[PDB]
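Quick setup: one chain, the form deposited in one PDB entry, written in structure tokens, and binding and motion questions come after.
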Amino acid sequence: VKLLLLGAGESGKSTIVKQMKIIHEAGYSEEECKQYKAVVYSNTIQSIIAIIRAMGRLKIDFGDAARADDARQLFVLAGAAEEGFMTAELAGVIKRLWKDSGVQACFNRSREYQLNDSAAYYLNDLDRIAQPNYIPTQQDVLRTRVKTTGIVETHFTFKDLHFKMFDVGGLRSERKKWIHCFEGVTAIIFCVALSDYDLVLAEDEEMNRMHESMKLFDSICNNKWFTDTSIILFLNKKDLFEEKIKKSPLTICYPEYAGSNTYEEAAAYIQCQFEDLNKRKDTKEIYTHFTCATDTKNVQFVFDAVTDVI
């Protein structure tokens, strides 16, 4: 069974691949967890730095003036983290910064810049991750963000079927590599980030993230090469969408949306926008699922349901 994961950048494709390891195998070993330690620290320092860069660009001041010296020390200290090291000194500098009112206000305006989804997860848990002899947990691994370049091939057995799952990069530079994967595809799992409706592309600040997705899906879904391939649509990041819909208008993306700022109502609407792109509704089926890629139980039951359809 050959499965292919497609979608724009940061839509959740690689996190689903990790889930297969945890569910069909036995999770990451201690040696493998320790390999992600430097990425966790790397992901965390980059996020605090991104918020600080933005405060200058957005003209936002710190809440307490004493933070300016912590922001000085951060850069003096920053380089050890990359090497998988986090002193109780660097930890306090980051912590005091993350807690600053000015920093927080900037954190709350992240759609104006580029910030990792897992910034809060890590930054809100510094005590644990800066610990002496810290080893990344299964959730810490799933939360790491590393751009995919090239093609990754993963194998696993499930219900007597041997899967060969392919994963590629969704950023614009990597899309030219999707065609090498187009052969013998049993099923395509197209990942779409529900929470991307109010953000812009990292590759272009003038392009809305959700519209980009619509373009990709319309193209893949309606490709004649895929007539006999199963199209599974994962409306991912349902957990972030749920919190986002409450304070960010969906009219930023879909100006004609007349419904309310609610999850069930707003979710079905995005579902219909995507399923609407299917040009041969009577002869072509799309199997849609709302997901939280970082939630093992959620992915388990969804993947279980997906393979039954296969």
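Numbers follow the displayed sequence, beginning with 1. Here the rigid core means the biggest group of C-alpha atoms that line up within 1.5 Å when the two forms are laid on top of each other.
As for the form deposited in another entry, it is not shown, yet the points below apply to it.
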- Item | Core-superposed comparison between the shown form and the other one - Cα displaced by 2 angstroms or more, from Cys106, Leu123, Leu233, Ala81 | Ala81
- Task: Indicate closer or farther: the Cα atoms of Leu115 and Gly84, in the other form, relative to the displayed form, with a change of 3 Å or more.
- Result: closer
- Once you account for a change of 3 Å or more, let me know if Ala81 and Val141 sit closer or farther in the other form, using their C-alpha atoms. farther
